[PDB]
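Raw input.pdb, PDB, C-alpha atoms:
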```pdb
ATOM      1  CA  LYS J  25      11.489   5.341 -19.754
ATOM      2  CA  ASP J  26      11.695   7.435 -16.548
ATOM      3  CA  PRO J  27       8.215   8.847 -15.975
ATOM      4  CA  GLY J  28       9.304  10.536 -12.732
ATOM      5  CA  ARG J  29      11.777  12.826 -14.594
ATOM      6  CA  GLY J  30      11.158  16.479 -13.798
ATOM      7  CA  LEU J  31       8.077  15.987 -11.560
ATOM      8  CA  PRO J  32       7.830  17.372  -8.023
ATOM      9  CA  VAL J  33       6.203  15.232  -5.362
ATOM     10  CA  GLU J  34       2.665  16.519  -4.898
ATOM     11  CA  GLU J  35       0.385  16.582  -1.902
ATOM     12  CA  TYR J  36      -1.232  13.232  -1.309
ATOM     13  CA  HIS J  37      -3.692  11.989   1.304
ATOM     14  CA  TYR J  38      -4.465   8.375   2.068
ATOM     15  CA  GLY J  39      -7.966   7.476   0.877
ATOM     16  CA  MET J  40      -8.326  10.432  -1.439
ATOM     17  CA  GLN J  41     -10.206   9.871  -4.693
ATOM     18  CA  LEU J  42      -7.765  10.464  -7.584
ATOM     19  CA  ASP J  43      -8.273  10.523 -11.323
ATOM     20  CA  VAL J  44      -6.059   7.559 -12.290
ATOM     21  CA  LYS J  45      -6.063   6.513 -15.937
ATOM     22  CA  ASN J  46      -2.693   4.730 -15.946
ATOM     23  CA  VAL J  47      -0.021   3.901 -13.382
ATOM     24  CA  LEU J  48       3.340   4.530 -15.078
ATOM     25  CA  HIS J  49       5.712   3.816 -12.195
ATOM     26  CA  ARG J  50       5.543   2.266  -8.764
ATOM     27  CA  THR J  51       8.395   1.268  -6.430
ATOM     28  CA  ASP J  52       9.148  -2.457  -6.535
ATOM     29  CA  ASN J  53       8.483  -3.402  -2.894
ATOM     30  CA  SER J  54       7.798  -7.079  -3.656
ATOM     31  CA  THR J  55      10.632  -8.345  -1.393
ATOM     32  CA  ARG J  56       9.944  -5.977   1.499
ATOM     33  CA  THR J  57       8.014  -6.792   4.681
ATOM     34  CA  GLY J  58       6.133  -4.310   6.841
ATOM     35  CA  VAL J  59       5.690  -0.611   6.182
ATOM     36  CA  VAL J  60       7.958   0.897   3.546
ATOM     37  CA  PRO J  61       8.064   3.979   1.311
ATOM     38  CA  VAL J  62       6.519   3.929  -2.140
ATOM     39  CA  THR J  63       6.587   6.373  -5.018
ATOM     40  CA  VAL J  64       3.923   6.325  -7.722
ATOM     41  CA  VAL J  65       3.797   8.200 -11.024
ATOM     42  CA  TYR J  66       0.325   8.118 -12.583
ATOM     43  CA  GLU J  67      -1.419   9.679 -15.596
ATOM     44  CA  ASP J  68      -4.830  11.292 -15.226
ATOM     45  CA  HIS J  69      -7.621  11.329 -17.852
ATOM     46  CA  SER J  70      -6.603  14.844 -19.008
ATOM     47  CA  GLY J  71      -3.102  13.420 -19.769
ATOM     48  CA  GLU J  72      -1.171  15.071 -16.939
ATOM     49  CA  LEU J  73       1.399  13.169 -14.841
ATOM     50  CA  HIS J  74       1.553  13.175 -11.057
ATOM     51  CA  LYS J  75       4.285  11.973  -8.681
ATOM     52  CA  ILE J  76       3.234  11.016  -5.135
ATOM     53  CA  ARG J  77       5.233   9.442  -2.311
ATOM     54  CA  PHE J  78       3.752   7.756   0.726
ATOM     55  CA  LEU J  79       3.870   4.506   2.761
ATOM     56  CA  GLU J  80       2.611   1.005   2.056
ATOM     57  CA  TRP J  81       3.005  -2.541   3.281
ATOM     58  CA  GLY J  82       5.682  -4.517   1.451
ATOM     59  CA  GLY J  83       4.811  -7.365  -0.842
ATOM     60  CA  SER J  84       6.217 -10.166   1.344
ATOM     61  CA  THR J  85       5.270 -12.001   4.523
ATOM     62  CA  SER J  86       7.828 -13.049   7.165
TER
ATOM     63  CA  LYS M  25      -1.990 -22.165   7.449
ATOM     64  CA  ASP M  26      -4.829 -19.596   7.654
ATOM     65  CA  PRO M  27      -3.661 -16.912  10.077
ATOM     66  CA  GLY M  28      -6.849 -14.883   9.553
ATOM     67  CA  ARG M  29      -9.037 -17.678  11.045
ATOM     68  CA  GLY M  30     -11.211 -16.385  13.866
ATOM     69  CA  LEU M  31      -9.887 -12.780  13.905
ATOM     70  CA  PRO M  32     -12.145  -9.730  13.612
ATOM     71  CA  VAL M  33     -10.959  -6.808  11.523
ATOM     72  CA  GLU M  34      -9.629  -4.184  13.919
ATOM     73  CA  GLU M  35      -9.507  -0.427  13.718
ATOM     74  CA  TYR M  36      -6.669   0.761  11.543
ATOM     75  CA  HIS M  37      -5.462   4.224  10.554
ATOM     76  CA  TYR M  38      -3.094   5.013   7.723
ATOM     77  CA  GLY M  39       0.281   6.135   9.078
ATOM     78  CA  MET M  40      -0.251   4.760  12.550
ATOM     79  CA  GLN M  41       2.773   3.293  14.321
ATOM     80  CA  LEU M  42       2.099  -0.428  14.924
ATOM     81  CA  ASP M  43       4.062  -3.065  16.778
ATOM     82  CA  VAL M  44       4.846  -5.410  13.861
ATOM     83  CA  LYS M  45       7.111  -8.369  14.580
ATOM     84  CA  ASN M  46       5.990 -10.570  11.675
ATOM     85  CA  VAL M  47       3.600 -10.240   8.746
ATOM     86  CA  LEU M  48       1.767 -13.575   8.463
ATOM     87  CA  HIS M  49      -0.639 -12.802   5.623
ATOM     88  CA  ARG M  50      -1.112 -10.114   3.025
ATOM     89  CA  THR M  51      -3.415 -10.088  -0.020
ATOM     90  CA  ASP M  52      -1.594 -10.923  -3.251
ATOM     91  CA  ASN M  53      -2.203  -7.719  -5.240
ATOM     92  CA  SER M  54       0.825  -8.194  -7.514
ATOM     93  CA  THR M  55      -1.271  -8.234 -10.733
ATOM     94  CA  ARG M  56      -3.551  -5.346  -9.781
ATOM     95  CA  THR M  57      -3.206  -1.724 -10.909
ATOM     96  CA  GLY M  58      -4.445   1.322  -9.026
ATOM     97  CA  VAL M  59      -6.116   1.364  -5.632
ATOM     98  CA  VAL M  60      -7.347  -1.979  -4.337
ATOM     99  CA  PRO M  61      -8.298  -3.563  -1.008
ATOM    100  CA  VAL M  62      -5.717  -5.350   1.101
ATOM    101  CA  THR M  63      -5.968  -7.469   4.217
ATOM    102  CA  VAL M  64      -2.986  -7.984   6.509
ATOM    103  CA  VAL M  65      -2.575 -10.365   9.441
ATOM    104  CA  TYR M  66       0.448  -9.486  11.582
ATOM    105  CA  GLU M  67       1.984 -10.679  14.866
ATOM    106  CA  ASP M  68       3.074  -8.181  17.502
ATOM    107  CA  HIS M  69       6.052  -8.550  19.884
ATOM    108  CA  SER M  70       3.758  -9.806  22.693
ATOM    109  CA  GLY M  71       2.667 -12.651  20.331
ATOM    110  CA  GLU M  72      -0.866 -11.464  19.578
ATOM    111  CA  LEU M  73      -2.328 -11.524  16.044
ATOM    112  CA  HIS M  74      -4.118  -8.631  14.380
ATOM    113  CA  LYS M  75      -6.237  -8.516  11.210
ATOM    114  CA  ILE M  76      -6.545  -5.152   9.423
ATOM    115  CA  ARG M  77      -8.155  -4.266   6.097
ATOM    116  CA  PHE M  78      -7.510  -1.100   4.141
ATOM    117  CA  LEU M  79      -6.514   0.177   0.664
ATOM    118  CA  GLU M  80      -3.241   0.111  -1.239
ATOM    119  CA  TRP M  81      -1.885   0.558  -4.732
ATOM    120  CA  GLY M  82      -1.623  -2.673  -6.709
ATOM    121  CA  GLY M  83       1.705  -4.176  -7.599
ATOM    122  CA  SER M  84       1.515  -3.529 -11.360
ATOM    123  CA  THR M  85       1.838  -0.589 -13.730
ATOM    124  CA  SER M  86      -0.379  -0.144 -16.814
TER
END
```

Show me this structure written as structure tokens.
Amino acid sequence: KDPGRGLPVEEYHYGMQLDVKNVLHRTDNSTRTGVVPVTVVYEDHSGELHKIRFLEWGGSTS
Amino acid sequence: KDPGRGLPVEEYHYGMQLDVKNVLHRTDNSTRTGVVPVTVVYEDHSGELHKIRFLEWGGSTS
């Protein structure tokens, strides 16, 4: 439904190894070009959820 | 056509301010989940092209 509900944004570092079992939410940046914000909610193998927010390149070219 | 033709991969750092006028190529990672490689070719305001390769989260959830 809304997997981000009630989760704080946690510390994230580009390139860091995470324990990602499932990705439950990610911002739809398909139409965006260049660097844009993205929020991810993922589930780890223990079953805990994690919300992270960072930057990525949008899904479109110019 | 193929904007990556004849370009070396250049040094890139997550979070670095770049001079991006146009994005000419980016890997189609729409179907991927979790962290995956991505290559971008972009044009700067001077008109020069730049190829960079790094990691991003795929465009899909689980």

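In this comparison, which uses all atoms listed in the file, the residue of M:27, M:61, M:32, M:39 approaching chain J most closely is M:39.
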
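The coordinates place CA of residue 66 (chain M) at 12.2 Å from CA of residue 51 (chain M).
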
Please expand the PyMOL selection byres ((chain M) within 9 of (chain J)) into the concrete residues it hits in this file, giving the result as a short mmCIF file (atom, residue, chain, number, x, y, z; two decimals) with C-alpha atoms, keeping the file's coordinate frame.
```
data_model
loop_
_atom_site.label_atom_id
_atom_site.label_comp_id
_atom_site.auth_asym_id
_atom_site.auth_seq_id
_atom_site.Cartn_x
_atom_site.Cartn_y
_atom_site.Cartn_z
CA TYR M 38 -3.09 5.01 7.72
CA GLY M 39 0.28 6.14 9.08
CA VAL M 44 4.85 -5.41 13.86
CA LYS M 45 7.11 -8.37 14.58
CA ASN M 46 5.99 -10.57 11.68
CA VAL M 47 3.60 -10.24 8.75
CA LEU M 48 1.77 -13.58 8.46
CA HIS M 49 -0.64 -12.80 5.62
CA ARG M 50 -1.11 -10.11 3.02
CA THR M 51 -3.42 -10.09 -0.02
CA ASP M 52 -1.59 -10.92 -3.25
CA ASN M 53 -2.20 -7.72 -5.24
CA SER M 54 0.82 -8.19 -7.51
CA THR M 57 -3.21 -1.72 -10.91
CA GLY M 58 -4.44 1.32 -9.03
CA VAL M 64 -2.99 -7.98 6.51
CA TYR M 66 0.45 -9.49 11.58
CA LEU M 79 -6.51 0.18 0.66
CA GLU M 80 -3.24 0.11 -1.24
CA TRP M 81 -1.88 0.56 -4.73
CA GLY M 82 -1.62 -2.67 -6.71
CA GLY M 83 1.70 -4.18 -7.60
CA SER M 84 1.52 -3.53 -11.36
CA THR M 85 1.84 -0.59 -13.73
CA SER M 86 -0.38 -0.14 -16.81
#
```

With chain J held fixed, move chain M onto it by a least-squares fit of all C-alpha atoms in order and give the output as a PDB file with C-alpha atoms, keeping the file's coordinate frame.
```pdb
ATOM      1  CA  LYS M  25      11.489   5.341 -19.754  1.00  0.00           C
ATOM      2  CA  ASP M  26      11.695   7.435 -16.548  1.00  0.00           C
ATOM      3  CA  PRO M  27       8.214   8.847 -15.975  1.00  0.00           C
ATOM      4  CA  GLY M  28       9.303  10.536 -12.732  1.00  0.00           C
ATOM      5  CA  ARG M  29      11.777  12.826 -14.594  1.00  0.00           C
ATOM      6  CA  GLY M  30      11.159  16.478 -13.798  1.00  0.00           C
ATOM      7  CA  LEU M  31       8.076  15.987 -11.560  1.00  0.00           C
ATOM      8  CA  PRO M  32       7.830  17.372  -8.023  1.00  0.00           C
ATOM      9  CA  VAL M  33       6.203  15.231  -5.362  1.00  0.00           C
ATOM     10  CA  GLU M  34       2.665  16.519  -4.897  1.00  0.00           C
ATOM     11  CA  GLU M  35       0.385  16.583  -1.902  1.00  0.00           C
ATOM     12  CA  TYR M  36      -1.231  13.231  -1.309  1.00  0.00           C
ATOM     13  CA  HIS M  37      -3.692  11.989   1.304  1.00  0.00           C
ATOM     14  CA  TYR M  38      -4.465   8.375   2.068  1.00  0.00           C
ATOM     15  CA  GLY M  39      -7.966   7.476   0.877  1.00  0.00           C
ATOM     16  CA  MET M  40      -8.326  10.432  -1.439  1.00  0.00           C
ATOM     17  CA  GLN M  41     -10.206   9.871  -4.693  1.00  0.00           C
ATOM     18  CA  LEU M  42      -7.765  10.464  -7.584  1.00  0.00           C
ATOM     19  CA  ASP M  43      -8.273  10.523 -11.323  1.00  0.00           C
ATOM     20  CA  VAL M  44      -6.059   7.559 -12.289  1.00  0.00           C
ATOM     21  CA  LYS M  45      -6.063   6.513 -15.938  1.00  0.00           C
ATOM     22  CA  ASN M  46      -2.692   4.730 -15.947  1.00  0.00           C
ATOM     23  CA  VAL M  47      -0.020   3.900 -13.383  1.00  0.00           C
ATOM     24  CA  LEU M  48       3.340   4.530 -15.078  1.00  0.00           C
ATOM     25  CA  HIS M  49       5.713   3.816 -12.195  1.00  0.00           C
ATOM     26  CA  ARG M  50       5.543   2.266  -8.765  1.00  0.00           C
ATOM     27  CA  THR M  51       8.395   1.268  -6.431  1.00  0.00           C
ATOM     28  CA  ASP M  52       9.148  -2.456  -6.534  1.00  0.00           C
ATOM     29  CA  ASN M  53       8.482  -3.402  -2.894  1.00  0.00           C
ATOM     30  CA  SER M  54       7.798  -7.079  -3.656  1.00  0.00           C
ATOM     31  CA  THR M  55      10.632  -8.345  -1.393  1.00  0.00           C
ATOM     32  CA  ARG M  56       9.944  -5.977   1.500  1.00  0.00           C
ATOM     33  CA  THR M  57       8.014  -6.791   4.681  1.00  0.00           C
ATOM     34  CA  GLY M  58       6.132  -4.310   6.840  1.00  0.00           C
ATOM     35  CA  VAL M  59       5.691  -0.611   6.183  1.00  0.00           C
ATOM     36  CA  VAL M  60       7.958   0.897   3.546  1.00  0.00           C
ATOM     37  CA  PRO M  61       8.064   3.978   1.312  1.00  0.00           C
ATOM     38  CA  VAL M  62       6.519   3.929  -2.140  1.00  0.00           C
ATOM     39  CA  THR M  63       6.586   6.374  -5.018  1.00  0.00           C
ATOM     40  CA  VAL M  64       3.923   6.325  -7.722  1.00  0.00           C
ATOM     41  CA  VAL M  65       3.797   8.200 -11.024  1.00  0.00           C
ATOM     42  CA  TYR M  66       0.325   8.118 -12.583  1.00  0.00           C
ATOM     43  CA  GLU M  67      -1.420   9.679 -15.597  1.00  0.00           C
ATOM     44  CA  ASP M  68      -4.831  11.293 -15.226  1.00  0.00           C
ATOM     45  CA  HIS M  69      -7.621  11.329 -17.851  1.00  0.00           C
ATOM     46  CA  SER M  70      -6.602  14.844 -19.008  1.00  0.00           C
ATOM     47  CA  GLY M  71      -3.101  13.420 -19.768  1.00  0.00           C
ATOM     48  CA  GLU M  72      -1.171  15.072 -16.939  1.00  0.00           C
ATOM     49  CA  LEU M  73       1.399  13.169 -14.841  1.00  0.00           C
ATOM     50  CA  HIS M  74       1.553  13.175 -11.057  1.00  0.00           C
ATOM     51  CA  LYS M  75       4.285  11.973  -8.681  1.00  0.00           C
ATOM     52  CA  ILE M  76       3.234  11.016  -5.134  1.00  0.00           C
ATOM     53  CA  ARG M  77       5.232   9.442  -2.311  1.00  0.00           C
ATOM     54  CA  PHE M  78       3.752   7.756   0.727  1.00  0.00           C
ATOM     55  CA  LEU M  79       3.870   4.506   2.761  1.00  0.00           C
ATOM     56  CA  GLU M  80       2.611   1.005   2.055  1.00  0.00           C
ATOM     57  CA  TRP M  81       3.005  -2.542   3.281  1.00  0.00           C
ATOM     58  CA  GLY M  82       5.682  -4.516   1.451  1.00  0.00           C
ATOM     59  CA  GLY M  83       4.811  -7.365  -0.842  1.00  0.00           C
ATOM     60  CA  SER M  84       6.217 -10.166   1.344  1.00  0.00           C
ATOM     61  CA  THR M  85       5.270 -12.001   4.522  1.00  0.00           C
ATOM     62  CA  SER M  86       7.828 -13.049   7.165  1.00  0.00           C
TER      63      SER M  86
END
```

Exercise for the section: Please indicate the distance in Å from CA of residue 74 (chain M) to CA of residue 33 (chain M), rounded to one decimal place. Expected result: 7.6 Å

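Interatomic distance, CA of residue 36 (chain J) against CA of residue 75 (chain M): 25.6 Å.
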
Handout entry: Residue among J:26, J:31, J:70, J:55 lying closest to residue 43 (chain J), counting only C-alpha atoms
Key = J:70

Box for region 33-47 of chain M: with edges along x, y and z, all listed atoms inside and 3 Å added on each side, what are the centre and edge lengths in Å to one decimal, as lines of an AutoDock Vina configuration file?
```
center_x = -1.9
center_y = -2.2
center_z = 12.3
size_x = 24.1
size_y = 22.7
size_z = 15.1
```
